[PDB]
Amino acid sequence: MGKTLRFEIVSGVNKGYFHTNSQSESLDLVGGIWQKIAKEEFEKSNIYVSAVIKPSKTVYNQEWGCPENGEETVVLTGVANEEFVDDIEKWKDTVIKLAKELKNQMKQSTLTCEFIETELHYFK
Amino acid sequence: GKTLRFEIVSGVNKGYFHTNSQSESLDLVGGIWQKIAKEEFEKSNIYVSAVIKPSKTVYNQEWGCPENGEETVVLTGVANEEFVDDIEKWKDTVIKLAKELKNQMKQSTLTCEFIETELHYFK
Amino acid sequence: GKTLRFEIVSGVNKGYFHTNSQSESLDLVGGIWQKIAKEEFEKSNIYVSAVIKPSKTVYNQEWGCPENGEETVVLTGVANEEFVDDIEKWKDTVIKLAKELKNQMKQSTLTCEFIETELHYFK
Ligand SMILES: CSC[C@H]1O[C@@H](n2cnc3c(N)ncnc32)[C@H](O)[C@@H]1OP(=O)(O)OC[C@H]1O[C@@H](n2cnc3c(N)ncnc32)[C@H](O)[C@@H]1O
Ligand SMILES: CSC[C@H]1O[C@@H](n2cnc3c(N)ncnc32)[C@H](O)[C@@H]1OP(=O)(O)OC[C@H]1O[C@@H](n2cnc3c(N)ncnc32)[C@H](O)[C@@H]1O
Ligand SMILES: CSC[C@H]1O[C@@H](n2cnc3c(N)ncnc32)[C@H](O)[C@@H]1OP(=O)(O)OC[C@H]1O[C@@H](n2cnc3c(N)ncnc32)[C@H](O)[C@@H]1O
């Protein structure tokens, strides 16, 4: 019953720039970018932030640029595991740094990053 | 950035809408949400966006769950203070929209959860 | 309606079940969940349903992650007072199911989280 934090990031996939065709292709695109930026930060701080990535669409007003029925998006989540990181604040600052880097590399005008309290049970 | 997020789980009612794939039912729910969100936005100036995800929900087959699980859609959202000036009013709007979604999807039941969250919005 | 939700993340072990697509992985994991949930329901009269979502999980390639991520499934659920009287007993049941799922999926590790939530159930 370790009290910790989870994050959730939502990003567009910018098909106008990366020209991905399917949701598997955009999932792999975002996953590859996260894999690179997470490793780069891990080399600097010894904190590796893994991410679960999920296909999704995001529904907003068509006048703001949303396609009918929703924009293709990826949801990234993760959770601070005390077996891997000993400082929750540093982990949180790392997630924020990665979220801003993801926004930049995905060429997104906006991005959301949330933190939620969670109780993590890790079975090994 | 302390705020609220919601999560709604809905069936896709294949027998009523006659969709044939997870992608089609995702777009069905997306279109319904897009319409009810716009309709409410016109009445109150509050627009509730939703992230929608494909899913399968597993429960007891004795209660009607299909062998391979029920095709469902998960909808989530979060109150951003840049777009809504009162979180409680936003929460009440989400509840209203969830009940509308339940009715439009012809669902017998629906869950709508609220979770405390800290939102960081980069622009 | 203050309560708890769970989230479990599991690998899908394509190298033990010979599967490929994400829809096929949802069906494999959903079938396992149906069976273990029913088994626990018979013992405790607590049935834990699950919403299952397709995903990939990104971690260091040096630790065995494929480039761009490993195929995974995310399972979530929520304790509903209409179906369970004691949230502590529900939580212990979820933990038992999570450990059983880890074994059935032949996974070296598994995460199970509990998050405070406010559930609105419309029926
Ligand atoms: C789908 S399970 C696969 C991998 O997927 C990641 N993962 C699992 N569940 C989650 C979750 N809920 N949210 C985010 N990432 C997750 C974790 O990185 C997990 O790694 P393991 O715990 O299985 O360790 C595997 C190896 O990798 C090392 N390792 C895994 N993660 C980290 C880490 N963050 N820092 C340092 N070492 C790590 C660990 O020591 C071990 O040798
Ligand atoms: C995947 S990002 C795309 C759009 O997807 C939606 N979105 C992004 N992240 C999330 C999330 N975590 N949960 C739910 N919806 C999300 C947001 O509606 C977002 O819009 P932006 O923040 O990028 O604003 C784009 C334009 O649209 C306006 N706008 C966007 N949302 C609202 C809103 N709710 N009310 C009023 N104006 C809004 C805003 O002023 C701007 O001009
Ligand atoms: C996508 S909706 C379909 C079914 O999907 C499951 N479900 C719905 N929302 C969620 C959610 N957020 N998380 C996890 N599971 C969910 C629920 O099991 C739901 O069942 P209903 O509430 O609609 O009851 C349907 C029938 O099944 C019985 N039933 C459903 N769940 C349980 C349960 N946990 N214990 C006892 N009886 C249960 C209930 O009495 C009724 O006859």
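Compute the normalised compactness of the protein assembly as shown: alpha-carbon radius of gyration over 2.2 N^0.38 Å, N being the residue count. Don't skip to the end; give the middle numbers.
On the way: Rg = 19.4 Å, N = 370, 2.2 N^0.38 = 20.8 Å.
Dividing the Cα Rg of the protein assembly as shown by 2.2 N^0.38 Å gives 0.93.
The alpha carbons of the range B:2-118 stretch over 45, 27, 22 Å along the principal axes, in descending order.
Considering only DSSP states other than H, G, I, E and B, which GluC sites (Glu not before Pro) in the range A:1-97 qualify as loop sites with at most 15 other Cβ atoms within 10 Å? Show your work: numbers first, answer last.
On the way: sites: A:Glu8, A:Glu25, A:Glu40, A:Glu41, A:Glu43, A:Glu63, A:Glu68, A:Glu71, A:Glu72, A:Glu82, A:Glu83, A:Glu89; in loops: A:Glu68, A:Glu82, A:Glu83.
Passing sites in the range A:1-97 are A:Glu68, A:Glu82, A:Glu83.
Helical runs (DSSP H, four residues minimum) scored at -39500 (n - 2.57) apiece and divided by the length of chain A put the mean residue ellipticity at 222 nm at -12000 deg cm²/dmol.
Estimated at 0.36 nm per residue, the fully extended path between A:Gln62 and A:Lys107 surpasses their Cα-Cα distance by 14.2 nm. Each stretch of four or more DSSP H residues adds -39500 (n - 2.57); spread over every residue of chain C, this sum gives -12000 deg cm²/dmol at 222 nm. Its Cα gyration tensor gives the range A:54-124 an equivalent ellipsoid; the semi-axes, largest first and in whole Å, are 30, 15, 10. Model label points for B:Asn103 and C:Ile32, set 7 angstrom from Cα along the Cα-to-Cβ axis, are 4.2 nm apart. Using r as the Cβ-Cβ distance of C:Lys43 and B:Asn20, and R0 as 45 Å, what FRET efficiency do you calculate, to the nearest 0.05? About 0.70, to the nearest 0.05.
Need the C-alpha centroid separation for the range A:36-108 versus the range C:12-73, integer Å. The range A:36-108 and the range C:12-73 have Cα centres spaced 22 Å from each other. Compute the whole-percent fraction of alpha carbon pairs in the range A:2-118 spaced more than 23 Å apart. The proportion of pairs with Cα distances above 23 Å equals 30 percent. Once the C-beta distance of B:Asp85 and B:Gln61 is scaled by a Förster radius of 35 Å, the resulting FRET efficiency is 0.15 to the nearest 0.05. Each label point was placed 7 Å from the Cα along the Cα-to-Cβ direction; for B:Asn68 and A:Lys90 their separation is 4.8 nm.
Every residue, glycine as well, gets a Cβ built from its backbone with ideal geometry; the counts of neighbours run over all protein chains shown. Each reported figure results from applying straightforward, stated rules to the coordinates on display, with no laboratory input.
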